[PDB]
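Asks: got the complex split up, this is the first portion:
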Amino acid sequence: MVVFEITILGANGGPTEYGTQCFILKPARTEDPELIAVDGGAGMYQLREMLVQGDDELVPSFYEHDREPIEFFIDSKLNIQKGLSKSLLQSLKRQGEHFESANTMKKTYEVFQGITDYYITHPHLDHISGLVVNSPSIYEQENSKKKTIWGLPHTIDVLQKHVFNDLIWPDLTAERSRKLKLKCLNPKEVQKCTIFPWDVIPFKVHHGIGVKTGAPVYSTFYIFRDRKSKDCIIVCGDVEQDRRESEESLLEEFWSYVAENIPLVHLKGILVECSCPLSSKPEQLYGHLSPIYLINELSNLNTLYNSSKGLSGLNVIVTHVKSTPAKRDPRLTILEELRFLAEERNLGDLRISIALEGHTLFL
């Protein structure tokens, strides 16, 4: 039944600077070296950690305890494992002697060369820092695996002008070998992934406004659909609720598309933020979701599917939780708040988990 393997490289919303948003995707079970990244925060560094670290598992927290039981953060039915998947690792183990002789750094370069394509949601630095700093790895060899960075224009235009511009970073897109490329996607259009037999469908969403400019700051939701099984996952960039009159109902458009085109049984997971707990703090919430806003969005999706079973069976994987100087880990607070609000709103057998770095989900 499992179609997707999702490696959580980074699920941190800030303001600490490591492990920011990046998810690796591949088909379940298969052993090709090729990998897709959604966003570009945590990258090589995190792959290396997972190659070393790989039960009463404890995960980092730094609140009530420095480490906490893994099960506290996840739905009890979630198919999750620590480390990289057996099949991802098998692409290194295709050569017996070579795998054993290769040190951790070498293994990291090898796995990382397989990242063919990034789908970037928006160009905020926390979503691109690993993509950028890791990028010179592409020049380690003559016979070279090339990388492509995909996005809607609001992302690609910014990367071209403000990142790969010989000021913030050497303009690797200008190098004649074209080992790093920027490519635009059209919104709402079914586009094809390059290696996997998957469709990718990007949708624009709102993510606040400029501090100086007041201009809308856009983000992206990506649908990945396995063509054979028709199973899908939704992987989201940072997002806030739409404003009734002053703007386009981008989220309504998105949920309507999902309900029309993807039966709930085929929706294997949504990776979506809840940056903040219910406790106000407007400065930290701008451009983001809190549990009431996320539950309101899921309630809208529920209304569109229009089943008496609610969202029963749906896996919601909560990403981009921010640190806060609070007594309790906000991931735990948010998880409890979301579960409470889902129960209050009668959303059915909805399965809510927090995304945990250094783990793979099987959906």
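Replies: Perfect, I can see it now. Numbers count the residues shown, from 1 in each chain, chains lettered A, B, ... in the order given.

Asks: how about stretch A:170-178: buried residues?
Replies: A:172-173 (16 or more other Cβ atoms under 10 Å). Every residue, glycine included, has its C-beta placed from N, CA and C.

Asks: my bad, should have said stretch A:157-167
Replies: Buried residues in stretch A:157-167, counted by 16+ other Cβ under 10 Å: A:158-159, A:163-164.

Asks: Closest one of those to residue A:146?
Replies: residue A:164 (14.9 Å; Cβ to Cβ).

Asks: Please report how far the closest one lies from residue A:175.
Replies: Noted for residue A:164: a distance of 10 Å to residue A:175, by Cβ to Cβ, to the nearest Å.

Asks: any chance of the buried residues of stretch A:157-167 in TSV, with secondary structure and distance to residue A:152 too?
Replies: What follows is the buried residues of stretch A:157-167, written out as TSV (DSSP: H, G, I helix; E, B strand; the rest coil; distance: Cβ to Cβ, whole Å):
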residue	secondary structure	distance to residue A:152
A:158	helix	10
A:159	helix	11
A:163	helix	16
A:164	strand	17
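
Asks: could you pull out the helices for chain A?
Replies: A:44-53, A:86-90, A:96-101, A:104-113, A:129-134, A:153-158, A:250-261, A:282-285, A:291-305, A:330-344 (DSSP state H).

Asks: What residues does the closest residue to residue A:133 other than its chain neighbours make contact with?
Replies: Leaving aside its sequence neighbours, residue A:133 sits nearest to residue A:43 (Cβ to Cβ, 6 or more residues apart in numbering; 7.6 Å). Applying Cβ atoms under 8 Å, 6 or more residues apart in numbering to residue A:43 gives the contacts A:9, A:22, A:37, A:112, A:115, A:130-131, A:133-134.

Asks: From those, list just the buried residues.
Replies: Among those, the ones that count as buried by 16+ other Cβ under 10 Å are A:9, A:22, A:37, A:112, A:115, A:130-131, A:134.

Asks: In TSV, list the helices of chain A along with distance to residue A:216.
Replies: Below are the helices of chain A laid out as TSV (distance: least, Cβ to Cβ, whole Å):
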stretch	distance to residue A:216
helix A:44-53	31
helix A:86-90	38
helix A:96-101	49
helix A:104-113	34
helix A:129-134	23
helix A:153-158	9
helix A:250-261	10
helix A:282-285	17
helix A:291-305	17
helix A:330-344	26
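
Asks: right, and those helices - which one's nearest residue A:219?
Replies: Going by Cβ to Cβ, the one of the helices of chain A nearest residue A:219 is helix A:153-158, 8.3 Å.

Asks: Other residues contacting that closest one?
Replies: Here helix A:153-158 has contacts from A:120-123, A:149-150, A:182-184, A:204, A:218, A:220, using Cβ under 8 Å, 6+ apart.

Asks: Residue A:121 touches residue A:41, doesn't it?
Replies: No. If you go by Cβ atoms under 8 Å, residue A:121 and residue A:41 don't touch, sitting 10.5 Å apart.

Asks: which residues of the stretch 51-200 of chain A fall in strands?
Replies: For the stretch 51-200 of chain A, the strands defined by DSSP state E, counting those that start in this stretch cover A:58-60, A:67-69, A:80-82, A:115-119, A:147-151, A:180-184, A:191-192, A:198-209.

Asks: Of these, which is nearest residue A:329?
Replies: Among these, if distance is taken as Cβ to Cβ, the winner is strand A:67-69, at 6.8 Å.

Asks: Show me what that closest one is packed against.
Replies: On a contact count with 3 or more Cβ pairs under 8 Å, 6 or more residues apart in numbering; DSSP states H and E, strand A:67-69 meets strand A:58-60.

Asks: Sheet partners, orientation included, of the strand it packs on?
Replies: For strand A:58-60, the pairing partners within the sheet under DSSP bridges are strand A:67-69 (antiparallel).

Asks: Could I get the contacting residues of residue A:134?
Replies: Neighbours of residue A:134 in contact, by Cβ under 8 Å, 6+ apart: A:43-44, A:112.

Asks: can you slot in chain B too:
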Amino acid sequence: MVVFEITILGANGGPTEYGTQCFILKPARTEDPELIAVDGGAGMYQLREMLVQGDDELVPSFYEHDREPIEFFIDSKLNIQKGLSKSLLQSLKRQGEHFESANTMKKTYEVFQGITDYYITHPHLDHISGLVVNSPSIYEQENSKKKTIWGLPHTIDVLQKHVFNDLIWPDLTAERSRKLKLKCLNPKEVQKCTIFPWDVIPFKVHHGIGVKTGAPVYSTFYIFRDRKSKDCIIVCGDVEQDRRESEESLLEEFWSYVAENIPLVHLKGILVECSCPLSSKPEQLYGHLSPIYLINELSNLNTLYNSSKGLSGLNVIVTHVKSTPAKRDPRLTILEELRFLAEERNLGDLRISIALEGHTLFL
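Replies: Putting chain B together with the chains above:
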């Protein structure tokens, strides 16, 4: 004799994305909460690690071994300790009960609020990623400690246009409370630090050329001078040797200034890159130093000081070493190559160490 405490938050040259360049400075022994940062790669995340991790000490490597003895990377006379200094930690311990009640995350916010001023060498993303992602922490409170980002114009203009621009990052400099400010420094001019009784003297250096534009890419060397003791440290941005005819001898200007104005006995350390080992690889070396180029620069400084004792007693702390898919840790290769070349060039009792994240130097 020790005047400076230098906390190494990040000394990684890339392409792995965590622990990139950032050094914290404070006067030795004193317990004020205020701190200076040079560069802005590793930040809050690394402070938090150091608050938790704090003998046969092993440090991360990931080559021949995943962890290696600390002493392999340093000169035997180097005054170094793991973790934050006792006096830095004392600023938290001024309140007994409060310190004990505060969790690791809270302690991290508290220490980090003390970073008053950043001195940025150049705006490449690896030198600013932590500064940027950490910056919203400034809005955690009403009665707020404010931060200032200092640099030469080649840095500040780029940060204004390409980073704090509501596209790559919210433009926090436009927020009316002015809790984050960008300020320019004049090159070669003795300027004053805001809290510590220190002079700061910035010098422009070369750091390669644009891939697309061919334009010179500049960097900065910072001299910090304690006015009472007259002791100085030099903390460097990324740099390459000058080209004889085609450009200004920026490095010659710098070493000449040092030899004229700072007696060797007062020069307590230089933190300077050696990104690459002697083994060629032009693509990785562009804009950077290898051991022959670094030793040539130190030889030039030696000639200017003009002593038969060479650079005896000088601490050279090597930063920004890049990963490479090699059998041996390049920090070890580089250390051996530098020591060999220094001996061959008769530079005297020069003390060479690699900068190690998660440690404090006392110079």
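
Asks: once more on the buried residues of stretch A:157-167, with chain B this time?
Replies: For stretch A:157-167, burial by neighbour count (16 or more other Cβ atoms under 10 Å in any protein chain shown) applies to A:158-159, A:161-167.

Asks: How about stretch A:131-144?
Replies: A:131-140.

Asks: right, and residue A:314 touches residue A:342 too?
Replies: No. Contact criterion Cβ under 8 Å: residue A:314 and residue A:342 do not qualify, at 10.1 Å.

Asks: what is in contact with these two at once?
Replies: residue A:350 (Cβ atoms under 8 Å, 6 or more residues apart in numbering or on different chains).

Asks: rewinding a little: tell me, which of the buried residues of stretch A:157-167 make contact with chain B?
Replies: Filtering the buried residues of stretch A:157-167 for proximity to chain B by Cβ under 8 Å from any Cβ of the partner chain leaves A:158, A:161-163, A:165-167.

Asks: now, which of those residues sits nearest chain B?
Replies: residue A:166 (3.3 Å; Cβ to the nearest Cβ).

Asks: show me what contacts the closest one?
Replies: Counted by Cβ under 8 Å, 6+ apart, residue A:166 has contacts B:210-213, B:215, B:217.

Asks: Can you go through the residues you listed and name the buried ones?
Replies: The neighbour count (16+ other Cβ under 10 Å) marks B:211, B:217 as buried among the contacts of residue A:166.

Asks: Count the residues that sit near residue A:253.
Replies: By other Cβ atoms under 10 Å in any protein chain shown, the residues close to residue A:253 number 16.

Asks: how near is it to chain B?
Replies: In this view, residue A:253 and chain B are 24 Å apart by Cβ to the nearest Cβ, to the nearest Å.

Asks: and if you look at residue A:232?
Replies: Residue A:232 sits 30 Å away from chain B, going by Cβ to the nearest Cβ.

Asks: related to what we said a few turns ago, could you list which of the buried residues of stretch A:131-144 also contact chain B?
Replies: Within these, those near chain B by Cβ under 8 Å from any Cβ are A:132-137, A:139-140.

Asks: CSV please, covering the residues you listed and showing distance to residue A:281.
Replies: As requested, those are exported to CSV (distance: Cβ to Cβ, whole Å):
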residue, distance to residue A:281
A:132, 30
A:133, 30
A:134, 33
A:135, 35
A:136, 38
A:137, 38
A:139, 43
A:140, 44
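
Asks: need the residues of the stretch 51-200 of chain A near chain B, please.
Replies: Residues of the stretch 51-200 of chain A lying near chain B (Cβ under 8 Å from any Cβ): A:52, A:62-64, A:66, A:103-106, A:108-109, A:123-126, A:129-130, A:132-137, A:139-140, A:158, A:161-163, A:165-172, A:174-175.

Asks: if we go to 6 Å?
Replies: Contacts of the stretch 51-200 of chain A with chain B, taken as Cβ under 6 Å from any Cβ of the partner chain, map to A:52, A:62-63, A:66, A:103-106, A:109, A:125-126, A:129-130, A:132-134, A:136-137, A:139, A:158, A:162, A:166-171, A:174-175.

Asks: repeat for the stretch 251-363 of chain A
Replies: For the stretch 251-363 of chain A, the residues in contact with chain B (Cβ under 6 Å from any Cβ) are A:283, A:323, A:325.

Asks: By neighbour count, which of those residues wins?
Replies: Neighbour max across those (other Cβ under 10 Å) = residue A:323, 23 neighbours.

Asks: neighbours around residue A:257, how many?
Replies: Residues lying near residue A:257 (other Cβ under 10 Å) number 16.

Asks: ok, residue A:284 - contacts?
Replies: By Cβ atoms under 6 Å, 6 or more residues apart in numbering or on different chains, the contact set of residue A:284 is residue A:276.

Asks: Against residue A:239, how distant is it?
Replies: 15 Å.

Asks: before we move on, what about residue A:45?
Replies: 26 Å.

Asks: Comparing the two, which shows the higher neighbour count?
Replies: Ranked by neighbour count (other Cβ under 10 Å), residue A:45 and residue A:239 place residue A:239 first, with 29 against 24.

Asks: The nearest residue to that one once chain neighbours are set aside - how many residues pack around it?
Replies: Closest residue to residue A:239 apart from its sequence neighbours, by Cβ to Cβ, 6 or more residues apart in numbering or on different chains: residue A:205 at 4.7 Å. Residue A:205 has 22 neighbours, counted by other Cβ under 10 Å.
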